[PDB]
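Shown next: input.txt, given as compact mmCIF, C-alpha atoms and all ligand atoms.
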```txt
# COMPACT_ATOMS: atom_id res chain seq x y z
CA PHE A 604 10.68 -23.20 5.19
CA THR A 605 11.33 -20.57 2.55
CA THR A 606 13.33 -21.52 -0.52
CA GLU A 607 17.09 -21.18 0.01
CA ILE A 608 18.71 -19.66 -3.09
CA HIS A 609 22.38 -20.09 -3.90
CA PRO A 610 24.18 -16.75 -4.38
CA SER A 611 25.53 -17.90 -7.77
CA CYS A 612 21.94 -17.75 -9.08
CA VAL A 613 21.52 -14.05 -8.16
CA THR A 614 22.88 -11.14 -10.21
CA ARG A 615 22.46 -7.69 -8.67
CA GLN A 616 22.20 -5.20 -11.54
CA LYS A 617 21.30 -1.74 -10.19
CA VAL A 618 20.28 -0.03 -6.96
CA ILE A 619 16.55 0.77 -6.96
CA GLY A 620 16.08 1.90 -3.37
CA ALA A 621 16.89 1.73 0.30
CA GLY A 622 14.96 0.34 3.25
CA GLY A 625 20.93 -1.95 3.25
CA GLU A 626 20.06 -1.62 -0.42
CA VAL A 627 17.30 -2.87 -2.76
CA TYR A 628 18.50 -3.97 -6.17
CA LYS A 629 16.86 -4.86 -9.40
CA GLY A 630 18.49 -8.10 -10.49
CA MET A 631 18.14 -11.47 -12.22
CA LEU A 632 17.44 -14.90 -10.73
CA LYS A 633 18.47 -18.16 -12.42
CA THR A 634 16.45 -21.23 -11.50
CA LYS A 639 15.72 -18.86 -18.18
CA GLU A 640 16.43 -15.95 -15.84
CA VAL A 641 13.66 -13.82 -14.31
CA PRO A 642 13.84 -10.27 -12.92
CA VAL A 643 13.72 -9.99 -9.13
CA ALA A 644 14.05 -7.42 -6.39
CA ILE A 645 16.92 -8.12 -4.00
CA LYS A 646 17.09 -6.76 -0.44
CA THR A 647 20.40 -7.14 1.40
CA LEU A 648 21.60 -7.22 5.01
CA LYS A 649 25.26 -6.29 5.56
CA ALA A 650 27.96 -7.55 7.92
CA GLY A 651 27.67 -6.32 11.48
CA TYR A 652 23.89 -6.65 11.61
CA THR A 653 22.53 -7.08 15.13
CA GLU A 654 20.37 -9.87 16.49
CA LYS A 655 17.24 -7.70 16.25
CA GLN A 656 18.04 -6.76 12.65
CA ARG A 657 18.45 -10.43 11.72
CA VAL A 658 15.17 -11.41 13.39
CA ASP A 659 13.39 -8.53 11.63
CA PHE A 660 15.05 -9.29 8.27
CA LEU A 661 14.34 -13.02 8.25
CA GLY A 662 11.01 -12.36 9.96
CA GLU A 663 9.95 -10.33 6.92
CA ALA A 664 10.88 -13.31 4.74
CA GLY A 665 9.11 -15.72 7.08
CA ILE A 666 5.93 -13.62 6.91
CA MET A 667 6.00 -13.34 3.13
CA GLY A 668 6.70 -17.06 2.75
CA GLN A 669 3.37 -17.84 4.44
CA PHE A 670 1.42 -15.93 1.76
CA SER A 671 0.15 -17.02 -1.66
CA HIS A 672 -2.04 -14.36 -3.25
CA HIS A 673 -2.16 -12.41 -6.52
CA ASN A 674 -2.10 -9.03 -4.74
CA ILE A 675 0.67 -9.84 -2.22
CA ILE A 676 4.33 -9.57 -3.25
CA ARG A 677 5.68 -13.06 -3.89
CA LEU A 678 8.78 -14.32 -2.08
CA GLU A 679 11.13 -16.09 -4.50
CA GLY A 680 13.53 -17.16 -1.76
CA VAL A 681 16.24 -16.11 0.67
CA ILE A 682 19.99 -16.26 0.93
CA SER A 683 20.71 -17.05 4.58
CA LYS A 684 23.63 -19.52 4.46
CA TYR A 685 25.92 -16.89 2.93
CA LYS A 686 26.67 -13.23 3.58
CA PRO A 687 25.34 -10.72 2.88
CA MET A 688 21.91 -12.22 3.45
CA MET A 689 19.25 -11.50 0.85
CA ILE A 690 15.48 -11.47 0.45
CA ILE A 691 14.51 -12.14 -3.19
CA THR A 692 11.02 -11.08 -4.32
CA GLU A 693 9.12 -10.74 -7.57
CA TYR A 694 10.04 -7.66 -9.59
CA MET A 695 7.38 -4.96 -9.94
CA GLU A 696 8.35 -2.93 -12.98
CA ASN A 697 6.49 0.30 -12.13
CA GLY A 698 7.67 0.77 -8.54
CA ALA A 699 5.73 2.30 -5.68
CA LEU A 700 2.14 3.31 -6.33
CA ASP A 701 2.33 6.83 -4.86
CA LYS A 702 5.22 7.86 -7.09
CA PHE A 703 3.71 6.02 -10.06
CA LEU A 704 0.40 7.93 -9.78
CA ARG A 705 2.16 11.29 -9.40
CA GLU A 706 4.26 10.62 -12.50
CA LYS A 707 1.20 9.56 -14.56
CA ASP A 708 -1.30 12.25 -13.61
CA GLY A 709 -4.62 11.82 -15.41
CA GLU A 710 -3.39 8.98 -17.63
CA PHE A 711 -5.84 6.26 -16.52
CA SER A 712 -9.56 5.67 -16.78
CA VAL A 713 -11.75 5.70 -13.68
CA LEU A 714 -12.33 1.99 -14.28
CA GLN A 715 -8.56 1.36 -14.22
CA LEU A 716 -8.17 3.34 -10.98
CA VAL A 717 -10.99 1.41 -9.28
CA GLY A 718 -9.50 -1.88 -10.50
CA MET A 719 -6.25 -0.93 -8.77
CA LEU A 720 -8.23 -0.42 -5.55
CA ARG A 721 -10.00 -3.75 -5.97
CA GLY A 722 -6.64 -5.49 -6.19
CA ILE A 723 -5.30 -3.74 -3.10
CA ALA A 724 -8.51 -4.61 -1.23
CA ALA A 725 -8.29 -8.27 -2.25
CA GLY A 726 -4.75 -8.40 -0.90
CA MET A 727 -5.83 -6.71 2.32
CA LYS A 728 -8.81 -9.05 2.71
CA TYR A 729 -6.35 -11.95 2.39
CA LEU A 730 -3.97 -10.48 4.98
CA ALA A 731 -6.73 -9.71 7.49
CA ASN A 732 -8.21 -13.22 7.14
CA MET A 733 -4.67 -14.55 7.68
CA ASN A 734 -4.63 -12.51 10.94
CA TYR A 735 -1.90 -10.18 9.63
CA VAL A 736 -2.32 -6.52 10.59
CA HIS A 737 -0.27 -4.38 8.23
CA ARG A 738 -0.11 -1.12 10.30
CA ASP A 739 1.52 0.86 7.46
CA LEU A 740 -0.91 0.61 4.53
CA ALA A 741 -0.31 3.54 2.15
CA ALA A 742 0.28 3.96 -1.57
CA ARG A 743 4.02 4.28 -0.84
CA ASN A 744 3.96 0.66 0.38
CA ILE A 745 2.04 -0.74 -2.62
CA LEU A 746 3.96 -1.84 -5.73
CA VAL A 747 2.77 -1.84 -9.35
CA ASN A 748 3.76 -4.24 -12.15
CA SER A 749 3.53 -3.98 -15.93
CA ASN A 750 -0.04 -5.38 -15.92
CA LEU A 751 -1.11 -2.50 -13.63
CA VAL A 752 -1.57 -5.03 -10.82
CA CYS A 753 -1.10 -3.53 -7.37
CA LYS A 754 0.42 -5.67 -4.62
CA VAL A 755 0.77 -4.95 -0.91
CA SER A 756 4.40 -4.94 0.23
CA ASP A 757 6.36 -3.70 3.29
CA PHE A 758 5.99 -6.71 5.58
CA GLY A 759 7.58 -7.22 8.96
CA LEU A 760 7.00 -6.43 12.60
CA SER A 761 8.61 -3.52 14.44
CA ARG A 762 10.55 -2.64 11.36
CA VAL A 763 7.74 -1.42 9.08
CA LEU A 764 7.04 1.62 11.31
CA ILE A 779 3.62 6.19 13.15
CA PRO A 780 2.49 7.66 9.79
CA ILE A 781 -0.14 9.96 11.24
CA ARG A 782 -2.23 10.94 8.24
CA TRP A 783 -2.72 7.29 7.18
CA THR A 784 -3.45 5.95 10.67
CA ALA A 785 -6.78 5.31 12.38
CA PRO A 786 -7.62 7.38 15.49
CA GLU A 787 -7.52 4.44 17.90
CA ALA A 788 -4.08 3.46 16.66
CA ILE A 789 -2.79 7.03 17.11
CA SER A 790 -4.47 7.51 20.49
CA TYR A 791 -3.72 4.21 22.22
CA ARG A 792 -1.75 1.98 19.81
CA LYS A 793 -4.70 -0.27 18.87
CA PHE A 794 -3.69 -1.66 15.45
CA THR A 795 -6.22 -4.08 13.92
CA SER A 796 -7.57 -4.99 10.51
CA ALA A 797 -10.14 -2.23 11.16
CA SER A 798 -7.40 0.41 11.50
CA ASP A 799 -6.04 -1.03 8.24
CA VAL A 800 -9.50 -0.33 6.76
CA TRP A 801 -9.10 3.33 7.75
CA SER A 802 -5.72 3.34 6.00
CA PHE A 803 -7.30 1.70 2.97
CA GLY A 804 -9.76 4.61 2.85
CA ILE A 805 -6.79 6.97 2.66
CA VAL A 806 -5.28 4.80 -0.09
CA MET A 807 -8.57 5.10 -2.01
CA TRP A 808 -8.21 8.88 -1.82
CA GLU A 809 -4.54 8.64 -2.88
CA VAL A 810 -5.45 6.62 -5.97
CA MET A 811 -8.39 8.73 -7.10
CA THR A 812 -6.32 11.96 -6.71
CA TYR A 813 -3.25 10.58 -8.55
CA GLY A 814 -1.17 10.68 -5.41
CA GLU A 815 -2.08 13.94 -3.72
CA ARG A 816 -0.76 14.32 -0.19
CA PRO A 817 -3.56 13.61 2.31
CA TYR A 818 -4.67 16.78 4.13
CA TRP A 819 -2.19 18.73 1.95
CA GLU A 820 -0.15 21.12 4.11
CA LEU A 821 -1.91 20.56 7.48
CA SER A 822 0.55 19.58 10.18
CA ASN A 823 0.31 16.18 11.87
CA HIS A 824 -1.22 17.82 14.93
CA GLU A 825 -3.68 19.74 12.73
CA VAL A 826 -4.67 16.46 11.03
CA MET A 827 -5.43 14.69 14.32
CA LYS A 828 -7.35 17.76 15.54
CA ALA A 829 -9.36 17.89 12.30
CA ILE A 830 -10.19 14.18 12.50
CA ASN A 831 -11.21 14.45 16.15
CA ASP A 832 -13.36 17.49 15.19
CA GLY A 833 -15.15 15.30 12.60
CA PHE A 834 -13.53 16.67 9.44
CA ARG A 835 -12.67 14.23 6.65
CA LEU A 836 -10.88 14.48 3.33
CA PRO A 837 -13.09 16.08 0.63
CA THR A 838 -14.15 14.36 -2.57
CA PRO A 839 -11.47 14.01 -5.26
CA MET A 840 -12.19 15.54 -8.66
CA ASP A 841 -13.87 13.12 -11.08
CA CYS A 842 -14.59 10.63 -8.30
CA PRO A 843 -17.52 8.17 -8.58
CA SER A 844 -20.08 8.84 -5.86
CA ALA A 845 -20.03 5.18 -4.80
CA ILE A 846 -16.25 5.35 -4.36
CA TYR A 847 -16.37 8.49 -2.21
CA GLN A 848 -19.17 6.96 -0.11
CA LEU A 849 -17.03 3.86 0.46
CA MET A 850 -13.92 5.75 1.55
CA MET A 851 -16.04 7.87 3.91
CA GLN A 852 -17.32 4.71 5.57
CA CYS A 853 -13.70 3.58 6.05
CA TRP A 854 -13.19 6.74 8.15
CA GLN A 855 -15.90 6.15 10.78
CA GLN A 856 -14.55 7.12 14.19
CA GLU A 857 -16.18 4.03 15.71
CA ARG A 858 -14.06 1.05 14.63
CA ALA A 859 -16.98 -1.38 14.64
CA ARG A 860 -18.93 0.71 12.09
CA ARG A 861 -16.26 0.45 9.40
CA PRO A 862 -16.70 -2.05 6.57
CA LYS A 863 -14.63 -5.20 6.72
CA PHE A 864 -12.33 -5.88 3.82
CA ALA A 865 -14.79 -8.54 2.64
CA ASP A 866 -17.42 -5.81 2.22
CA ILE A 867 -14.97 -3.54 0.41
CA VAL A 868 -13.93 -6.25 -2.06
CA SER A 869 -17.57 -7.13 -2.69
CA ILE A 870 -18.56 -3.52 -3.42
CA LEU A 871 -15.59 -2.80 -5.67
CA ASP A 872 -16.18 -6.01 -7.61
CA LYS A 873 -19.86 -5.13 -8.13
CA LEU A 874 -19.01 -1.60 -9.30
CA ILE A 875 -16.40 -2.92 -11.75
CA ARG A 876 -18.75 -5.55 -13.14
CA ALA A 877 -21.43 -2.89 -13.74
CA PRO A 878 -19.06 -0.15 -14.91
CA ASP A 879 -21.81 2.37 -15.74
CA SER A 880 -22.25 2.64 -11.95
CA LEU A 881 -18.97 4.59 -11.85
CA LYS A 882 -20.18 7.32 -14.21
CA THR A 883 -22.26 8.90 -11.41
CA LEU A 884 -19.78 11.33 -9.80
CA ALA A 885 -19.74 12.95 -6.40
CA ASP A 886 -19.94 16.73 -6.48
CA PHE A 887 -16.51 18.37 -6.35
CA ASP A 888 -16.18 21.46 -4.16
CA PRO A 889 -14.06 24.01 -6.06
CA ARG A 890 -11.44 25.82 -4.00
CA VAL A 891 -11.36 28.49 -6.69
CA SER A 892 -13.82 30.66 -8.59
CA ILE A 893 -13.32 31.57 -12.25
CA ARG A 894 -15.90 34.06 -13.56
CA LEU A 895 -16.11 34.83 -17.30
CA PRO A 896 -18.88 37.13 -18.67
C1 LIG B 901 11.89 -1.29 0.62
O1 LIG B 901 11.43 -2.54 0.09
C2 LIG B 901 11.00 -2.44 -1.29
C3 LIG B 901 10.64 -3.87 -1.75
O2 LIG B 901 10.42 -4.76 -0.92
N1 LIG B 901 10.58 -4.07 -3.08
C4 LIG B 901 10.27 -5.36 -3.70
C5 LIG B 901 10.12 -5.09 -5.07
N2 LIG B 901 9.74 -5.68 -6.22
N3 LIG B 901 9.83 -4.88 -7.16
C6 LIG B 901 10.28 -3.69 -6.71
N4 LIG B 901 10.43 -2.68 -7.62
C7 LIG B 901 10.98 -1.48 -7.28
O3 LIG B 901 11.40 -1.21 -6.16
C8 LIG B 901 11.07 -0.47 -8.27
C9 LIG B 901 11.50 0.79 -7.87
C10 LIG B 901 11.61 1.84 -8.78
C11 LIG B 901 11.28 1.65 -10.12
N5 LIG B 901 11.39 2.66 -11.00
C12 LIG B 901 11.82 3.91 -10.34
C13 LIG B 901 11.90 5.07 -11.32
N6 LIG B 901 10.60 5.28 -11.96
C14 LIG B 901 10.64 6.44 -12.87
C15 LIG B 901 10.23 4.05 -12.69
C16 LIG B 901 10.11 2.89 -11.70
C17 LIG B 901 10.86 0.39 -10.53
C18 LIG B 901 10.76 -0.66 -9.61
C19 LIG B 901 10.45 -3.83 -5.37
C20 LIG B 901 10.85 -3.16 -4.18
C21 LIG B 901 9.88 -1.61 -1.41
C22 LIG B 901 9.98 -0.36 -2.04
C23 LIG B 901 8.86 0.47 -2.18
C24 LIG B 901 7.63 0.07 -1.68
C25 LIG B 901 7.51 -1.17 -1.05
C26 LIG B 901 8.63 -2.01 -0.92
```
Output the file's structure in the form of structure tokens.
Ligand SMILES: CO[C@@H](C(=O)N1Cc2[nH]nc(NC(=O)c3ccc(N4CCN(C)CC4)cc3)c2C1)c1ccccc1
Amino acid sequence: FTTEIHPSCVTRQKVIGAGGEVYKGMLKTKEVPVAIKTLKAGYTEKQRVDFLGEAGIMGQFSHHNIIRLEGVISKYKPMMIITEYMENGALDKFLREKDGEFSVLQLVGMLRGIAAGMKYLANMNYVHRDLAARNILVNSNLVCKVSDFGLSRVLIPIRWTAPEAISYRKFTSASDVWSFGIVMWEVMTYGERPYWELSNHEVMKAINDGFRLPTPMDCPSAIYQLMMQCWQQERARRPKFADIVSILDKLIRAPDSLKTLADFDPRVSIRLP
């Protein structure tokens, strides 16, 4: 049972997104900021199962890097899912708005947090299917938390998705590891679009041909090596999230290890005599 919140305790203050709206608001239980997702009159049976299913999933979880469920409004209409407020919004937009503003150690710490959340989910037998920086939220302590929970409602996003999931719909924690590799590239590039302007068909062709994303600028060699191992075609060869967490924790605890950078391939020549 999730916590049932009375609507008098919830003050919607401003629209912060869509998913039928997501609000920033306050929750009285002194008041605390929350995110508030609503479900309007006329919702179908499937919408209700998906909506409360998302809450039911999140209520089973208790981890630092997983968005916390404060409670639900289900006895009154419109129904609401109330979650912890993440002041800095989605990670992809956050990185793009803060280009170059963080240390390599901060960026890798963000990835460690995401990986710890994903290790928790996988161990809990939850396959995310839509892991991407756009679905990771950032708070005012720079902590990154996996969000976007549900079933059929979360989705395919081709350039984040593992080949076996594209080709025959096999979604597992190992296809989430592939996605996590893409998220590593997103973070280290401050939110560049994976595969830039290649079309979805061109991306799948490139992957099948063996091509992989090139090294980000200023990227520790150990970090590029780890994301490349996330992108092994053979599922069984990919690291598990336990391995990823272990490696990232060891790199962070010996931070001089991150000063060794992978070579960056320039896509431009500048010659000055
Ligand atoms: C659709 O569900 C929401 C959801 O569940 N959630 C739960 C939850 N908690 N906290 C949230 N914060 C924000 O959505 C948010 C958005 C923009 C924001 N500002 C925008 C302008 N920027 C310049 C500064 C930052 C600041 C905070 C959300 C959303 C969701 C949204 C995005 C990714 C994952 C989930």
Step by step, measure atom-to-atom distances between ligand LIG 901 (chain B) and each residue using all atoms listed in the file, keep those at most 10 Å, then write them as a PyMOL selection string.
chain A and resi 618-622+625-630+642-646+663+676-678+690-703+706+741-748+754-758+763
Return the single residue from A:608, A:704, A:805, A:845 that is closest to residue 882 (chain A), with distances computed using all atoms listed in the file.
A:845
Quick one: residues within 8 Å of region 884-889 of chain A, all atoms listed in the file, excluding same-chain residues fewer than 6 positions away - as a list in words?
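Here the qualifying residues turn out to be residues 837, 838, 839, 840, 841, 842, 843, 844, 845 and 847 of chain A.
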Residue 835 (chain A) environment, 10 Å, only C-alpha atoms, sequence neighbours closer than 6 positions dropped, as a list in words:
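Within the cut-off, the hits are residues 818, 826, 829, 850, 851, 854 and 855 of chain A.
When the distance limit is 9 Å and only C-alpha atoms are what count, the residues near residue 672 (chain A), minus those fewer than 5 positions from it on the same chain, are residues 677, 725, 726 and 729 of chain A.
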Padding 6 Å on each side, edges along x, y and z: where is the centre of the box around the listed atoms of region 626-633 of chain A, and how long are its edges in Å to one decimal? Output it as JSON.
```
{"center_x": 18.5, "center_y": -9.9, "center_z": -6.4, "size_x": 15.2, "size_y": 28.5, "size_z": 24.0}
```
Using Å and a single decimal, report how far CA of residue 632 (chain A) sits from CA of residue 613 (chain A).
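Result for CA of residue 613 (chain A) versus CA of residue 632 (chain A): 4.9 Å, one decimal.
Of note, CA of residue 800 (chain A) and CA of residue 865 (chain A) are spaced 10.6 Å apart.
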